[PDB]
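The structure appears right after this line, and notes come after that.
Chains as they are written, first to last, in our numbering: chain A, 101 to 287; chain B, 136 to 870; chain C, 87 to 278; chain D, 2 to 667.
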């Protein structure tokens, strides 16, 4: 706050912090088991109270919940009803693109650990479907292609995708072989 | 001593405790100047009469270390690794214009700026003696491995070691400003207070200094930079460790090293200095190879490295930067020549600084009265050494205790030939003796130059002209100084107008016919042109590019030279200029022929300078040829010519520019300048009545505008944007 | 297989005349060795090509070599071709020694023969008396020329400006068939 | 911090610091006692994993003599620890699940806590407060040799009868009951009354075991085993703590103990490059020949133990002859069995000395590691009938002692040969990522401690490592940069409250540097003004005055690893002449100049907050020399800009007070 008003406004907000505390539930770990309101943030911030709540657990983007929702299959309608509505003319590439890029990066990192001993276990059996459902949800991903380029920008560091590049090419096929005639070759 | 500047209106801010200061430059433009004046800015000044300084605002905090790579403008910008190297190259070196090549390190403490680029030069001077020098034996060239050379060209970065940890720095950027940086921490941990001993014979980097001398293990991190297709694969090979000798001496215990430089000779030279509480011992440790003496076990593998003492001293010591930013090696027998070979200057905060010769560290002269790095080979200190916010100090660049004139001339010509070969600018003007050592020196120098060129004269004339002009400038001889610049301008004009020819087919080099025209008649150039050639001398119909603006220079210079002939009685040896060599006169006549052809092709010729020549070019050419005939090949010179030059038409102007350069006559005693408030003691337009343009000045005389507002004469612009006649340091000066 | 190496030397001699030659000879640079200038990547396919650039000796206290083109990916070539700066003996010999070294490294690395070509474009008609004095090789202009003609069967094309100095008559000394003479004003040719 | 970093030093340094932080804060005796008890119980639970709990319990039972001395000195005649201690116990006994988890960690700490409560009855009256303990135990409705807290309480008396028998043929059972069971000596040392006392007599035993000459083989074996066990225990106590035993052995006077292995063999410092020539005395005269003869014989009959310091010469002549000469190839492996086996414990000295030698030499062939592994190897299961009575216990002690050193070395080379073979390795280590920037405190440590507000006892070692691996200047600078991004009152309050604590063990140096560097730079620049306009400014001023008042006290505050790395020189680039004394005067002069009018918005508000925070009881600042000191002129100037003037009203009771009196009258 402005230099003219010193400890006044700070102490006022301090003494009013318990009022906003009386409107908090908990650390908000994860509440989204079903796949058939609670935890429907608009853009990285769900709450409504205009007071001064506690630390950024209420201000920071709900990334853990979004990741835990996106990892489960058939969660597309759930993510839609959370924030999306007729994405054909309403979704101008929001931060869910960055969330999906982070999810794909984490998936590649998890597959980098021998991919369950060379696709022997079930980690690849979950990778395939977690990427297929993302491609299913991918209707405006290459829209604002910088979202696609961010994948390469993040994979440039670490360079641990020497083993998981095959699955990335697989999902790129799964998208392009159906979206080749629609989108131009330049994009 | 000499050139002692001072700060105008800035103080130390008493309550603020202190700050670290460090500046170093190998090439010219020797100013970095990290100073604590009342994250501070960086200061730059090119010591060829720079006094007014341009301090551009720094981008980072505390600016710890700087060490420029090479000739090309490039800064270092350390202390938390943000806002790194920038070439300037915008209009002048007045505008630094920081660029985007910076590395990154989160709260790092980089204390290095390195990556040697090209092969070192070897100065076999002890055996040279200038007799059979031929520029081959006097200044040889050793074979050196370039760091990670792809295919060809040695792309280089600023491989450095942070002091926060001991990890690395990276990010060489070839051809695209591509970063490609990395980090690997030298066996996972370590505190360091180190300097960096850059390069071995091949491609490697060694460095070590960690904690403090009382218990000083130093782990020589031997990295290799053979990179990857874009992934730096720097390694962490560990070499042996060494300690400070102050420990094993039971007399004292306090050594506590702060500075510990080790110069670029990374095979024999480690100069860790102890920064103990009243005194400060300094030692130079060798990098000698050895074998372990397995013995004394019973009656009945040479590859191993060790560090052994060479010498030591017991006194105070504060500040030292470098030995000699080159020299010779073993078997040097030059004893009379105490010139700056294998020497190293180092400063004290208690009193005055000391000079010391390396490899014995015994003693040199003291030269009574923060950052002290040698300007060049010649012993020219820099005086940031603190008693306040004090500016530069200098000393005698020639280290001669016994006086010998012939040897002094020999050393001076050696240094001049060195600055000629390497291309560096010369500041040995502070070294040359009184004018008794001025003219004979340059005479013998240019004699040896033209003698054993054998063809290097064609490529070194443009530099030898400026070198001679700068030498004779220091007195009286200023006439001989202006004559050299006037010869250089006309020579470069003649050598630039010929390749401008977009001519038609010819038997062999149609541009050479203008030179072969020497065997021609004297008067009536109209006959000479038909004699030589008249067809293939029209290259562009837009001749209105240099004829009216640029070709007026020669049109006035011919007249000024003709008028200066009958006035030998003037109180000056040539008056303004003499030019009695003949070759320059022949080039002038060739320029007159080609400009006559130009004026015949297009009506925009050189002016009659007023009017009413009945053919002014014809008379001017007749006079040129009459003066040129008895100048050609070993003959006497002027009769009727002296009477003809006495006659002046209703056309003759005067008051030509004649670009000259102010000097810096700090003769022998002292000087007292200021950061500002200068202390009193080119024709392509480029000069209206009052300055109303960019006016990008130069190092000596040029003062040419930046855009020049032209269409097709950009050949001169491209010729002048880069380095110049020892005035490549172009400078921006406001209106 | 389109293994070319350009040699630009008229950067300092004739600046503005570079565009006049480019607008006419850009087709053999790309449109002959490829379909056209696009937005694509590069690999070991052999189509890659290089470009070395030099300047005069006056504007060179330390900087002589700037041969910076490992692959160029068939598109970044023309991209940085207009990006280089523009600043009498122009040190053509030391400028061609590095191209000879680059061709030697090509022949040493391209093992499993791509009809190499090179354009020693020089605006002025310069000449370098010292052989190299800056690289591993040490050979005069004549030695370097006969070495580049005999060893490599590269088409030593000399794309000089519309001038016709005495440089062509001497630099056409390629004894094997290399087409060193042509200064093509008419329509572009394949490699000559 | 006082528990993890150090254990000795209990005159009253922690008492003085606790008192000082008690003055300048909310100071209820109940809250203070609950705080000390909560810090006492949060340890021993999450911090220790193996042998560290045996030190945590000794700290929990050293805490109560501290609070007893505090009650005897600090408080006097105002709720004399009868009511407030009970109120705090009720204030503590309310939090049951903490005590439940504490009992669950030790798995037997319920009855151990019941005994520790009546153990604290040395300061608490047994009238009815024991009934509160009974009620608390009744609240433990649910509810195996012995619980280690009880073992420590019982063995606390064993320190008074450690040896108490300076005579030949000492009781070997006295060492058998110690080498086999847990190390109660560490607990007695942490009791602050045995460490210096034990180590002195324990090293005097070794220094007195010169034994002249012995003619009995059984007596020779007895002397050998005694010296071996004594040296092993001494070196183990050193590797555990270090400076404590070394200072106890060399507190006053001049003696001649075996300082060779406790000063230049192994420590959290290299001491290796300068080691071999002068310090590691290798006299070949009358020492190399006997060593080589003993190594080649493959004989403790003739009792003469002074070759332990001379073993480094034998190791010098052996390694080169084994891997460089060629005449000896595997005979070195044979001679290694002659010494690494029983009837000898000098292998630790040579192992440490040549780890030091390898960390200095290149060792690219790694031929020394092949010998070090064979030496540290537990292969010989006492093949030779060397009567020692501790063939397994002494061997395990030697292995875990050698593993304590040569840790950083084996990281600079191939993997460790695993010589220890114990239950759990050393818990405290670097734990620093291989390739990661040092600025991780703001990323992971500090951003977590700002929420995790109990200092995270595992993270304090990371803080110390970062401090002595980087530099105090950038340390404090980055900490202040992280602090000036809060924008919340309680956040800043907790931040400074934990910063004052984290600055401990480096109070004087870090305080002086931080103040005299940042505060001028914060008050002299232009961008620095932009950062102080925040409410964080007041918290920063409070932290500054707290560090100043704490550093003004002439306490020892000698940290473990900082007492050596703080050996530097600086004139400080400007009562008496002292660094802190001068730094405070510089800060006061900057304060007076900050009242330099005609332009200031932030740094008048900042100094106004700073003076208000400096207005507090138990103040020793405002130096106040009778001659010319500006602080009271600055006080008059600030008054120009009522109890604030009364703060420095009558300090020296001199006519100087008349000035501030008159200015207050205005």
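Cβ coordinates follow ideal geometry from the N, Cα and C atoms, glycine included.
Beta-carbon spacing of residue i, residue j below 9 Å
| i | j | result |
| --- | --- | --- |
| residue 615 (chain B) | residue 604 (chain B) | yes |
| residue 661 (chain D) | residue 636 (chain D) | yes |
| residue 696 (chain B) | residue 714 (chain B) | yes |
| residue 167 (chain B) | residue 195 (chain B) | no |
| residue 391 (chain B) | residue 374 (chain B) | no |
| residue 549 (chain B) | residue 791 (chain B) | no |
| residue 302 (chain B) | residue 276 (chain B) | no |
| residue 512 (chain D) | residue 614 (chain D) | no |
Cα-Cα separation, residue i to residue j
| i | j | result |
| --- | --- | --- |
| residue 234 (chain B) | residue 533 (chain B) | 39 Å |
| residue 101 (chain C) | residue 852 (chain B) | 10 Å |
| residue 430 (chain D) | residue 168 (chain A) | 35 Å |
| residue 411 (chain B) | residue 571 (chain D) | 11 Å |
| residue 367 (chain D) | residue 343 (chain B) | 21 Å |
Cβ-based neighbour list, residue i, same chain, cut-off 8 Å, excluding 5 preceding and 5 following
| i | result |
| --- | --- |
| residue 793 (chain B) | 617, 621, 711 |
| residue 585 (chain B) | 592 |
| residue 712 (chain D) | Outside the shown range of chain D (2 to 667) lies residue 712 (chain D), about which nothing can therefore be said. |
Contact set for residue i: own chain, Cβ-Cβ below 6 Å, skip 5 residues either direction
| i | result |
| --- | --- |
| residue 341 (chain B) | 332, 355, 357, 401 |
| residue 573 (chain D) | 580, 583 |
| residue 451 (chain B) | 414, 415, 483, 485 |
| residue 235 (chain A) | 271, 274, 275 |
Contact set for residue i: own chain, Cβ-Cβ below 7 Å, skip 5 residues either direction
| i | result |
| --- | --- |
| residue 664 (chain B) | 728, 731, 732 |
| residue 448 (chain B) | 416, 417, 496 |
| residue 521 (chain D) | 591 |
Practice prompt. Would you check if there are 3 or more beta carbon pairs closer than 8 Å linking the region 551-566 of chain D to the region 592-603 of chain D?
Written response: As far as the Cβ criterion goes, the region 551-566 of chain D does not touch the region 592-603 of chain D, which means the pair count is below three.
Worksheet item: Using Cβ-Cβ distances below 7 Å, what residues of the region 398-419 of chain B are close to chain D?
Response: Within the region 398-419 of chain B, 412 place their CB atoms closer than 7 Å to a CB of chain D, listed in sequence order.
Worksheet item: Do the region 91-101 of chain C and the region 179-193 of chain C meet, that is, are 3 or more Cβ pairs less than 8 Å apart?
Response: With a cut-off of 8 Å, the region 179-193 of chain C and the region 91-101 of chain C count as touching, because enough Cβ pairs lie within range.
Discussion item. For the region 431-463 of chain B, list every residue whose C-beta sits within 8 Å of some C-beta in chain D, in sequence order.
Written reply: Cβ contacts with chain D come from 431, 432, 433, 435, 436, 439, 440.
Worksheet item: Any residues in the region 488-509 of chain D with a beta carbon nearer than 7 Å to a beta carbon of chain A? Which ones, in chain order?
Response: Of all residues in the region 488-509 of chain D, 490, 491 have a Cβ within less than 7 Å of some Cβ in chain A.
Practice prompt. With 7 Å as the limit, tell me which residues of the region 214-242 of chain B have their beta carbon closer than that to any beta carbon of chain D; keep them in chain order.
Written response: Those residues of the region 214-242 of chain B that come within reach of chain D (Cβ to Cβ, closer than 7 Å) are 240, 241, 242.
Discussion item. Tell me which residues of the region 583-607 of chain D have at least one Cβ-Cβ distance to chain A shorter than 8 Å, keeping chain order.
Written reply: So the list reads 602, 603, 606, given in the order they occur along the chain.
Fill in: Cβ pair count under 8 Å reaching 3, the region 101-119 of chain A against the region 488-498 of chain D
Look at the beta carbons and you see the region 101-119 of chain A touching the region 488-498 of chain D: at least three pairs across the two are nearer than 8 Å.
Item to complete: Determine which residues of the region 201-215 of chain A have a Cβ less than 9 Å from any Cβ of chain D, and write them out in chain order.
Response: From the region 201-215 of chain A, no residue has a Cβ closer than 9 Å to chain D.
Discussion item. Please identify, using Cβ separations under 9 Å, the residues of the region 494-511 of chain B that lie next to chain C, in order along the chain.
Written reply: Flagged: no residues at all.
Worksheet item: Taking contact to mean at least 3 C-beta pairs separated by less than 8 Å, is the region 438-447 of chain D in contact with the region 462-479 of chain D?
Response: The answer is yes - the region 462-479 of chain D touches the region 438-447 of chain D, with three or more Cβ pairs under 8 Å.
Worksheet item: Would the region 296-310 of chain D and the region 341-358 of chain D be scored as touching if the rule is three or more Cβ pairs under 8 Å?
Response: Touching, yes, given that three or more Cβ pairs across the two stretches are closer than 8 Å.
Item to complete: Indicate whether the contact test is met: 3 or more Cβ pairs, each with one atom in the region 329-346 of chain D and one in the region 237-254 of chain D, closer than 8 Å.
Response: By the Cβ rule, the region 329-346 of chain D does not count as touching the region 237-254 of chain D, because fewer than three pairs are nearer than 8 Å.
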